[PDB]
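> sharing an experimental structure here, sequence included.
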Amino acid sequence: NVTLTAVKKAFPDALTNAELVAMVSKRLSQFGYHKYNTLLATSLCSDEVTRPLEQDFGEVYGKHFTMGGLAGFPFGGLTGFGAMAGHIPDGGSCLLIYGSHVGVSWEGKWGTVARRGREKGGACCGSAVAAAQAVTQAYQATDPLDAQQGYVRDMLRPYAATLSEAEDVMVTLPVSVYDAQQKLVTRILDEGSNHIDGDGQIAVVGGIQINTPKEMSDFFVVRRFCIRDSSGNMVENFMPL
Amino acid sequence: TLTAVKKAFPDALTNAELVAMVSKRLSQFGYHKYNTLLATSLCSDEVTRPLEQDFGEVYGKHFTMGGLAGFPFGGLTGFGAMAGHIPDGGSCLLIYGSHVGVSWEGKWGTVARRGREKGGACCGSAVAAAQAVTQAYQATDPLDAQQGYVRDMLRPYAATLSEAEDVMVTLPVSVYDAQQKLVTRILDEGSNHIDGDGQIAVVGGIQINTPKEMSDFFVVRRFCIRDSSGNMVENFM
Ligand SMILES: [Zn+2]
Ligand SMILES: [Zn+2]
């Protein structure tokens, strides 16, 4: 269909949720990640359409720790990571799944997707799109109440030039949000490596979550898939797929 | 464990009791599965997930507003986003709360965790924030911003926490009070995003996390309905 063709034109390497979970769990099983000894953590957007990915991994690794917030940034931060690390089964490891997301419609249009019970779905990712509008308009001019969305604007500001010049800003936006996210994730992992001990590891899957209409499988574009030791050193890199 | 729970919180409900009671009441006000968006503000901690799953079985996939210690860190933008996802002519149901672990031995502030000899603190975030604000009291950047906000919101409770006979049973009550103030502010400020006959139903309280082979509990402190104007239409407490 139009939607699937659109998805694979923008991201030829995109996997279905089912393909992703099968691939990740199979690979990690060879490195001793099983259900009993793995704590799943996610950093995905607040938006309810991102839940299926959490459910799909949760079927394999159980109830997850949530690090995310608006646009999928790991707002739980250093304290959240340390808390999570203190929950890892003894002698076990963590698996962190993070990413931006974007909707694609029945017409193959990016930045929006039909939502249950609504005639108009609005923006997807709403947070990222609003932040994009704010930073690009500021550019083209060449308190916890709302603090998170403030941070999203802050982290997207370096991409303002990139966004304004983009052929399709709605495909470029989630790529930019992912790049901003992966930098923050790296920093948290570097700062929090003290919380992982001995042969404990952290496996990381990062990329772009693609939300399609409910009658269709969602997709995920993997950009990072690797394993880090307790010292913070990369031990395995599974990219490219 | 159960004795300890009812000792401190005599009105505690099991998760099952809670979901049955809430869904039964809201069905009388036209809340069903197709026309309700569920939103939660619960702690990041993986032990709070069962409550979301139990409500999720009734109302579907949920919007998350929460963060460390269960504070609605999604804030105004998060609420507005969520409101724009509500089924046409429908409503939202927001479930929020602090949480606390209680152990096999009936000790507050900790609960055995899957695969671990030692469970550590529960709520971890809240306990660490309580330590920081009490010690600072008794002395009469997104990287870690969220925990900074938890400390900020707990600071008014410093005296209460320092004078508590058991700070671990008192802490989730203070955190709930801090949360309910922020939730009310968000709902007041974001009232514009609810239109027409649309409503916001709110359930707030203290989530009690017990060992895995035991039902979790919830202490309801708030259960009410708000209209699109932000006025309270029903109070079930
Ligand atoms: Zn989003
Ligand atoms: Zn907690």
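Looks like it arrived, so ask away. Residues are numbered from 1 along each chain as shown, chains lettered A, B, ... in the order given. Ligands and ions are numbered 1, 2, ... in the order given.
> so who does the nearest residue to residue A:193 once chain neighbours are set aside touch?
Nearest residue to residue A:193, sequence neighbours excluded (C-beta to C-beta, 6 or more residues apart in numbering or on different chains): residue A:232, at 3.5 Å. (C-beta placed from N, C-alpha, C; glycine too.) Residue A:232 sits next to A:189, A:190, A:193 when contact means C-beta atoms under 8 Å, 6 or more residues apart in numbering or on different chains.
> mind listing the strands for chain A?
Here chain A has its strands, by DSSP state E, at A:15-16, A:38-43, A:65-66, A:93-103, A:202-211, A:219-228, A:234-237.
> these: which one's closest to ligand 2?
strand A:65-66 (9.9 Å; C-beta to the ion).
> is chain B contacted by that closest one?
Yes: judged by C-beta under 8 Å from any C-beta of the partner chain, strand A:65-66 comes into contact with chain B at A:65, A:66.
> so what's the residue in chain A positioned nearest to ligand 2 up against?
Proximity to ligand 2, evaluated over chain A using C-beta to the ion, is greatest for residue A:83 at 7.3 Å. Applying C-beta under 8 Å, 6+ apart, we find residue A:83 in contact with A:65, A:76, B:44, B:45, B:68, B:124, B:125.
> right, and residue A:239 touches residue A:221 too?
No: counting by C-beta atoms under 8 Å, residue A:221 is not a contact partner of residue A:239; they are 11.8 Å apart.
> more crowded one of those two?
More neighbours surround residue A:221 than the other of residue A:239 and residue A:221, with 23 against 10 (other C-beta atoms under 10 Å in any protein chain shown).
> helices of chain A, residue ranges please.
Shown for chain A, the helices assigned by DSSP state H span residues A:2-10, A:17-29, A:51-61, A:77-85, A:126-140, A:147-156, A:160-165, A:169-191.
> ligand 1: which of these is closest?
Among the helices of chain A, the nearest to ligand 1 by C-beta to the ion is helix A:126-140 (5.0 Å).
> circling back to that earlier point, could you single out the most deeply buried of the helices of chain A?
The highest average neighbour count among the helices of chain A, using mean count of other C-beta atoms under 10 Å in any protein chain shown, belongs to helix A:77-85 at a mean of 25.
> alpha carbons of that one, as CSV, please.
The C-alpha coordinates for helix A:77-85 follow below in CSV (Å, rounded to 0.1, in the frame of the first residue of the first chain):
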residue,chain,number,x,y,z
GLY,A,77,18.2,11.6,33.5
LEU,A,78,21.0,10.6,35.7
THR,A,79,18.9,9.9,38.8
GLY,A,80,16.5,7.8,36.7
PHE,A,81,19.3,5.8,35.2
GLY,A,82,20.8,5.1,38.7
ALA,A,83,17.5,4.1,40.1
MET,A,84,17.0,1.7,37.1
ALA,A,85,20.5,0.3,37.6
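> quick revisit: of the contacts of residue A:232, closest to chain B?
residue A:190 (10.5 Å; C-beta to the nearest C-beta).
> residues contacting the closest one?
Counted by C-beta under 8 Å, 6+ apart, residue A:190 has contacts residue A:232.
> what do you get for residue A:229?
Counting by C-beta under 8 Å, 6+ apart, residue A:229 has contacts A:196, A:201, A:235.
> most centrally placed residue in chain A?
residue A:99 (1.2 Å; C-alpha atoms, centre = their mean).
> ok, and what's touching stretch A:126-140?
Residues outside stretch A:126-140 that contact it (C-beta under 8 Å, 6+ apart): A:45-47, A:70-71, A:100, A:102, A:111, A:123, A:149, A:152-153, A:156-157, A:159-161, A:163-164, A:169-170, A:173-174, A:177, B:77-78, B:81, B:84.
> among those residues, which are in reach of ligand 1?
Checking the contacts of stretch A:126-140 against ligand 1 by C-beta under 5 Å from the ion, the ones in range are A:45, A:47.
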